[PDB]
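Read the structure below first, then the notes.
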Amino acid sequence: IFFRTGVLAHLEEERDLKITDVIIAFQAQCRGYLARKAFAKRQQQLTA
Amino acid sequence: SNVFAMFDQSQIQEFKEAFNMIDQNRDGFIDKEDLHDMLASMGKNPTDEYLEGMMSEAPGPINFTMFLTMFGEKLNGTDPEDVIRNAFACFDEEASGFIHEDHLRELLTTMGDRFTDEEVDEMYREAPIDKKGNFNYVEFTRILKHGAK
Amino acid sequence: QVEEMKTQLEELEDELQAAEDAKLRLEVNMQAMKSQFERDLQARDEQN
Amino acid sequence: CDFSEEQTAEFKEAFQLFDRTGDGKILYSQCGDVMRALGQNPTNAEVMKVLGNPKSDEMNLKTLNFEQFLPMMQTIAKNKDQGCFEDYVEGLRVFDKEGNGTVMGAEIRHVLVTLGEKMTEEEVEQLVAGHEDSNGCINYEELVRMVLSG
Ligand SMILES: [Mg+2]
């Protein structure tokens with residue numbers, strides 16, 4: 001299917017913007033896990 | 001509290017065997033005749049009051065038991081060289097034996113109980129600091145615990 | 001009896017201090033085991 | 001307060017464990033990291049409700065004691081619930097181009113950096129365990145199933 005200039009890239013932007021809201025929520029969870037891991041390591045380092 | 005009860009059979013045997021070489025008159029005490037003559041036989045003969053000032057650490061006389069508690073209280077808090085090397089390896093994750101002076105400073109001058117700038121300087125003017133400010137803790141633990149030394 | 005209990009309590013305090021020192025040492029040795037485990041695991045992964 | 005005495009004690013322990021610069025009061029930015037270490041996933045907007053220093057806050061002058069920390073932990077805890085793994089993997093099923101239940105590592109790592117809040121490659125790479133080896137198509141099930149343990 002052929003399309004005129006840039007339409008697919010703007011539809012892709014809109015589609016990604018639709019997903020960004022839940023992506024931020026998941027990102028907060030993953031960054032939370034990372035922070036918890038880092039802190040737990042820091043505790044072992046502190047006791048050492 | 002009674003510190004003597006804290007120590008390993010090997011450590012007690014080492015102290016006992018060492019003491020047996022020093023207790024040359026076999027009276028069980030630390031005395032002017034024995035250790036001064038021994039040190040004169042083993043080195044430069046510092047038989048001056050510098051040694052009396054060391055013998056005077058005990059309350060009056062200096063029995064084997066008092067020697068043991070003195071060295072005990074002095075060893076209170078100390079740990080194995082491998083365990084200390086493990087504790088350092090928690091920061092030196094690559095186990096390079098090459099921890100930086102900035103890292104060492106960060107770990108000590110604010111974090112937890114504060115080491116003084118004088119204590120930090122002591123760790124450079126006696127302990128194994130090296131080029132570019134790398135610090136060889138594998139050598140440090142050896143001289144700290146007096147193991148393989 | 002007060003003197004006896006004082007001696008006993010001081011002995012129990014000494015034993016408790018020894019036990020806490022031992023607990024700390026066992027913790028740091030467990031951290032050593034963990035460190036060796038991680039290092040060896042990473043070495044085997046890198047060799048693989 | 002909805003937290004138990006044991007939870008309050010644990011939070012107080014954590015508060016003084018994740019220290020220090022020098023003072024016994026936690027830093028304004030670092031507080032958020034403590035909340036995240038306590039397994040919560042709020043947005044930075046939750047902190048912006050208190051709005052300590054409207055400008056760039058390297059100085060962190062809005063330090064907190066435990067009595068100021070605990071209410072923030074509570075409003076975080078009562079903020080929202082979080083969805084199941086299906087809500088996550090639906091996003092991946094939309095991002096995917098193969099239609100096979102996996103996704104290209106190089107693409108997904110970039111997408112998860114550009115979209116929404118920004119993260120480093122150092123942060124993102126640590127999230128994956130099924131690394132991009134001979135096979136480019138990472139099974140995103142492992143990623144979500146691992147991180148959701150936190
Ligand atoms: Mg003698």
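Going through the structure tokens in order, the chains are called A, B, and so on, while each chain numbers its residues from 1 and the ligands are numbered from 1 in the order shown.
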
### Distance filter 9 Å, only C-alpha atoms, chain D against chain B, as an MDAnalysis selection string
chainID D and resid 19:22

I need the chosen residues saved as a compact mmCIF listing (two decimals), in the first residue's frame, with C-alpha atoms.
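Here's the written file part_19.txt:
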```
# COMPACT_ATOMS: atom_id res chain seq x y z
CA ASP D 19 21.66 8.15 54.82
CA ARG D 20 23.64 10.34 54.88
CA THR D 21 25.06 13.58 53.49
CA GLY D 22 25.80 14.63 57.09
```

Please report, as JSON lines, each residue of chain B lying at most 7 Å from ligand 1, together with the nearest pair of atoms and the separation in Å rounded to one decimal; use only C-alpha atoms and all ligand atoms, and order rows by chain and ascending residue number.
```
{"residue": "B:22", "atom": "CA", "partner": "ligand 1", "partner_atom_place_in_ligand_line": "1 (Mg)", "distance": 6.7}
{"residue": "B:23", "atom": "CA", "partner": "ligand 1", "partner_atom_place_in_ligand_line": "1 (Mg)", "distance": 3.8}
{"residue": "B:24", "atom": "CA", "partner": "ligand 1", "partner_atom_place_in_ligand_line": "1 (Mg)", "distance": 4.9}
{"residue": "B:25", "atom": "CA", "partner": "ligand 1", "partner_atom_place_in_ligand_line": "1 (Mg)", "distance": 4.1}
{"residue": "B:26", "atom": "CA", "partner": "ligand 1", "partner_atom_place_in_ligand_line": "1 (Mg)", "distance": 4.9}
{"residue": "B:27", "atom": "CA", "partner": "ligand 1", "partner_atom_place_in_ligand_line": "1 (Mg)", "distance": 4.9}
{"residue": "B:28", "atom": "CA", "partner": "ligand 1", "partner_atom_place_in_ligand_line": "1 (Mg)", "distance": 5.7}
{"residue": "B:29", "atom": "CA", "partner": "ligand 1", "partner_atom_place_in_ligand_line": "1 (Mg)", "distance": 5.2}
{"residue": "B:30", "atom": "CA", "partner": "ligand 1", "partner_atom_place_in_ligand_line": "1 (Mg)", "distance": 5.6}
{"residue": "B:31", "atom": "CA", "partner": "ligand 1", "partner_atom_place_in_ligand_line": "1 (Mg)", "distance": 5.5}
{"residue": "B:34", "atom": "CA", "partner": "ligand 1", "partner_atom_place_in_ligand_line": "1 (Mg)", "distance": 5.8}
```

### Task
Kindly determine which residues of chain D lie within 9 Å of chain A, considering only C-alpha atoms, and give the answer as a PyMOL selection string.
chain D and resi 17-18+33-43+82+87-88+91+94-95+112+115-117+119+123-124+126-127+144+147-150

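Atom pair CA of residue 63 (chain D) / CA of residue 28 (chain D): separated by 5.4 Å.
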
Would you mind listing, for every residue of chain B within 7 Å of chain C, the two atoms forming the shortest contact and the distance between them in Å to one decimal, using only C-alpha atoms, sorted by chain and ascending residue number, as CSV?
```
residue,atom,partner,partner_atom,distance
B:1,CA,C:14,CA,5.9
B:6,CA,C:18,CA,6.8
B:83,CA,C:29,CA,6.3
B:86,CA,C:32,CA,5.3
```

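Within region 44-86 of chain B, residues classed as alpha helix (DSSP H) by DSSP on backbone coordinates are residues 49, 50, 51, 52, 53, 54, 55, 64, 65, 66, 67, 68, 69, 70, 71, 72, 73, 74, 75, 81, 82, 83, 84, 85 and 86 of chain B.
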
### Task
When you get a sec, could you note down which chain B residues fall within 8 Å of chain A, using only C-alpha atoms, as a list in words?
residues 87, 88, 90, 91 and 112 of chain B

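With CA of residue 41 (chain C) on one side and CA of residue 89 (chain B) on the other, the separation reads 15.6 Å.
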
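You will find CA of residue 5 (chain D) at 26.4 Å from CA of residue 23 (chain C).
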
#### Entry: Long-range neighbours of residue 121 (chain B) as a PyMOL selection string, 12 Å cut-off, only C-alpha atoms, 4 positions minimum in chain
chain B and resi 101+104-105+108-109+115-117+125-129

### Message
I need the strand (DSSP E) residues of chain D per DSSP on the backbone, written as a PyMOL selection string.
### Response
chain D and resi 103-104+137-138

Just write the chosen residues, C-alpha atoms, as an mmCIF file, in the first residue's frame.
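New file again-v2.cif:
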```
data_model
loop_
_atom_site.group_PDB
_atom_site.id
_atom_site.type_symbol
_atom_site.label_atom_id
_atom_site.label_comp_id
_atom_site.auth_asym_id
_atom_site.auth_seq_id
_atom_site.Cartn_x
_atom_site.Cartn_y
_atom_site.Cartn_z
ATOM 1 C CA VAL D 103 10.163 -8.092 20.076
ATOM 2 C CA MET D 104 13.466 -6.838 18.605
ATOM 3 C CA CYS D 137 13.767 -11.179 19.105
ATOM 4 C CA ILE D 138 13.624 -11.026 22.927
#
```

Set the distance at 12 Å and use only C-alpha atoms: which residues neighbour residue 72 (chain D) once local chain neighbours fewer than 4 positions away are removed? I'd like the list as a short mmCIF file (atom, residue, chain, number, x, y, z; two decimals) with N, CA and C atoms, in the first residue's frame.
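What ended up in out_1.cif:
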```cif
data_model
loop_
_atom_site.label_atom_id
_atom_site.label_comp_id
_atom_site.auth_asym_id
_atom_site.auth_seq_id
_atom_site.Cartn_x
_atom_site.Cartn_y
_atom_site.Cartn_z
N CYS D 1 -4.10 6.73 60.34
CA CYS D 1 -3.02 6.17 59.48
C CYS D 1 -3.29 4.70 59.17
N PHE D 11 9.68 1.75 58.09
CA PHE D 11 9.85 3.00 57.36
C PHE D 11 10.83 3.93 58.06
N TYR D 28 15.27 16.36 49.55
CA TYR D 28 13.98 16.49 48.87
C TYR D 28 13.84 15.56 47.66
N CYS D 31 14.27 11.69 48.75
CA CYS D 31 13.03 11.19 49.33
C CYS D 31 12.25 10.32 48.34
N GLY D 32 12.13 10.81 47.10
CA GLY D 32 11.48 10.09 46.02
C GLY D 32 12.12 8.73 45.74
N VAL D 34 13.78 7.02 48.03
CA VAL D 34 13.40 6.20 49.19
C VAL D 34 12.01 5.57 48.99
N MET D 35 11.06 6.37 48.50
CA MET D 35 9.70 5.89 48.20
C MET D 35 9.73 4.79 47.13
N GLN D 40 7.25 1.55 45.63
CA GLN D 40 6.15 2.34 45.07
C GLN D 40 6.54 2.84 43.68
N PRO D 42 5.10 5.95 42.00
CA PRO D 42 4.46 7.23 41.71
C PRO D 42 5.27 8.02 40.68
N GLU D 46 3.74 13.66 41.93
CA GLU D 46 3.30 13.44 43.31
C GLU D 46 4.12 14.28 44.30
N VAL D 47 5.42 14.42 44.02
CA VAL D 47 6.31 15.30 44.77
C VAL D 47 5.98 16.76 44.46
N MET D 48 5.69 17.04 43.18
CA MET D 48 5.35 18.39 42.72
C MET D 48 4.07 18.97 43.35
N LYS D 49 3.27 18.11 44.00
CA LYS D 49 2.14 18.55 44.81
C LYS D 49 2.59 19.38 46.02
N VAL D 50 3.74 19.00 46.60
CA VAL D 50 4.35 19.74 47.71
C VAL D 50 5.15 20.94 47.17
N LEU D 64 13.50 16.73 54.85
CA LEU D 64 12.37 16.15 55.58
C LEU D 64 12.79 15.36 56.82
N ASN D 65 12.02 15.54 57.90
CA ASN D 65 12.04 14.66 59.06
C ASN D 65 10.96 13.60 58.84
N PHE D 66 10.93 12.59 59.72
CA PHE D 66 10.04 11.44 59.57
C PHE D 66 8.55 11.82 59.54
N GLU D 67 8.18 12.82 60.36
CA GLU D 67 6.81 13.32 60.44
C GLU D 67 6.33 13.98 59.14
N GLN D 68 7.28 14.50 58.35
CA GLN D 68 7.01 15.09 57.04
C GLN D 68 7.07 14.04 55.92
N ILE D 76 1.20 8.62 48.55
CA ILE D 76 1.72 7.74 47.50
C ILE D 76 0.99 6.40 47.52
N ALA D 77 0.98 5.75 48.69
CA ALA D 77 0.34 4.44 48.88
C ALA D 77 -1.15 4.43 48.50
N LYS D 78 -1.83 5.55 48.78
CA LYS D 78 -3.26 5.71 48.48
C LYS D 78 -3.54 6.34 47.11
N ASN D 79 -2.49 6.58 46.31
CA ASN D 79 -2.62 7.26 45.02
C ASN D 79 -3.39 6.44 43.99
#
```
